[PDB]
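Given next, in structure tokens, is a single chain: the form deposited in one PDB entry.
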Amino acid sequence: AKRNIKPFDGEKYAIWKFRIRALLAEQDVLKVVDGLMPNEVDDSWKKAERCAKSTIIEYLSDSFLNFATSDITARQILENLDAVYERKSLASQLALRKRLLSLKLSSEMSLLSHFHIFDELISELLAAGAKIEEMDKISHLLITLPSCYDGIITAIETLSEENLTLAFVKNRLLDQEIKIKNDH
């Protein structure tokens, strides 16, 4: 159905997995991957499993068929791909946190690309066994900015830590980005 999914070439596994899961959810098949295996399986379950396996095999590049050649269901294929490409290791978290704690904003880059990079790093941390909530994301985003945003950083941190959301902080930062680009 959806043909905007680039075949898995070993790069950007999160995006491919998300698009495959969305496409499966379109066809009322995502219950196979997530839902528990019923004690008795009927024709509908078999058809759903066949459709999920066919879709996953179709959206895998030629070199990656070996993840599906064996007699393994779609959920097993996704589990194997997740284990190979999204592994929960403390070393990965420790390596990624140092990059996240040293991610300054370059002058030539706008806050939209910087926000995209920061969100990519946060999602990569969350892929491993990390527990980062909204407040930690806000704190990292605030500490990953140059000195021109000191006023908004001081003002935002004074706000109560119960209604703060990442979108609100991002909008407040973009407003001062617009203000700052005028004063430089």
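Quick note: we count residues from 1 along the sequence shown, nothing fancier.
Keep in mind that the form deposited in another entry is not shown, yet the notes after this line are about it.
K.L.:
Please indicate which of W45, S54, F115, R87 marks the hinge of the motion between this form and the one not shown, where one rigid part turns against the other.
P.N.:
In this comparison, the hinge residue comes out as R87.
K.L.:
Given that the CA-CA distance for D9 and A95 shifts by 3 Å or more in the other entry, does it become closer or farther?
P.N.:
Result: closer.
K.L.:
Having a change of 3 Å or more in the C-alpha distance between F18 and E133, I'd like to know whether it is closer or farther in the other entry than in the form here.
P.N.:
Result: farther.
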